[PDB]
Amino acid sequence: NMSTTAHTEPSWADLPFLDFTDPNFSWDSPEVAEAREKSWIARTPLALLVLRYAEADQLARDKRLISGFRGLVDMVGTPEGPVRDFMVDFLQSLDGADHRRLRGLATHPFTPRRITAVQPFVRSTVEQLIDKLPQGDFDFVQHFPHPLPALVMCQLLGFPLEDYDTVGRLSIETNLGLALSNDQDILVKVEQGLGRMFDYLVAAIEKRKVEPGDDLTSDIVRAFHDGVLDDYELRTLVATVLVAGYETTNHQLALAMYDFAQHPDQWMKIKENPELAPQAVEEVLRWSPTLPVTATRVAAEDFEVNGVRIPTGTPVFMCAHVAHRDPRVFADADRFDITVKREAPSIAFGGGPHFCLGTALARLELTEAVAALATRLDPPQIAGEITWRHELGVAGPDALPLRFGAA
């Protein structure tokens, strides 16, 4: 598909080739930096890959580039079932009128007022998790970046807080990163992963249809009562928020510690001036985004951008990780430095109408965590095997063993 298109497009002839599906591929490879230097966009086996900051934002907003997933499902050849249904009907797959309708129902808790309102819960959750941290070598994931976003997710969606372990486990086991797989045995455990999480969600939704609260599930239920969306759209929307809201926030917090394990001097600088936390979080998002590939799109028509023809059906992926090290935008881009007040933000949350719904909540959880950890604890250092997810498009430890302080 990408190979047949390449043989038909003269504007693709000088584009560098990057095989990110390869098991030994690194985003920090000198091959990748060369490709960005040579071209704003690269050829991959699955998609065109945008490597520069300016164009990554441009194309993430371009109306001629439809929001991905529907195109990737047909090309792979996913059979009809619970997996395909979710991958074609969930928020990231929709565009136009249906997208604005369904997204608008889940936008209220992410307004600047509601982020302020939920902030005390986030702060006290962080505080409590630090209080009960082990003194020696421990998995940072198990003891902090798993419980934190899980508890916040339970608070947001109106689940009992005691279910944070179950809720987080139900979010991981869905395995959306392996939903576009060609294998059947893989697609079966994705089907069963979704089913089990939907079993929890359906119970919580019908509970809200009789006794609603101040939570997000209650608000989407109000829209169901008003006939804005049906029952299928209800549980799909609540599922999307949940799955998206846990795993990447988890991984991002782990990546934050991994970064400061390499730069303990900068950790101490946050300890001195805790106000550096938001700037530090932005540097973590720039240097090590949990999603190195952010916005995924498919061309809905033949069009041209910056000298490159993009035919209908061509997948285009925005490579935020590489765009974050663009020297056209970032000074000393290949160095982790939290002390630099940067004009341009990270683009870790995509762009366009599909931009991360939980952007502000994600930044809140990251800031509250980094501020409190750096104030209260000594710099982290790695204490064993980091189990990186060998999954295409996602960066993050499944387990991060560490200690805070040498002694």
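Residue positions are given as counts along the sequence shown, with the first one as 1.
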*On mean C-alpha B-factor from the PDB entry, just flag whether 189 to 197 or 121 to 129 is the higher one.*
189 to 197
*Select between 179 to 187 and 253 to 261 the stretch whose C-alpha atoms have the higher average B-factor in the entry.*
179 to 187
*From 310, 216, 152, 280, can you pick the one with the highest C-alpha B factor in the entry?*
216
*Among 323, 276, 241, 170 - the residue whose C-alpha B-factor is largest in the record*: 170
_residue 69 CA temperature factor, ranked by third within the chain_ = highest
*Give the position of residue 329 by CA B-factor within its chain, expressed as the lowest, middle or highest third.*
lowest
*Place residue 174 in the lowest, middle or highest third of its chain's C-alpha B-factors, as listed in the PDB entry.*
highest
_Please say which third, lowest, middle or highest, residue 315 falls into when its CA temperature factor is compared across its chain._
lowest
*Comparing against every modelled residue in the chain, figure out the third that the C-alpha B-factor of residue 98 lands in (lowest, middle or highest).*
highest
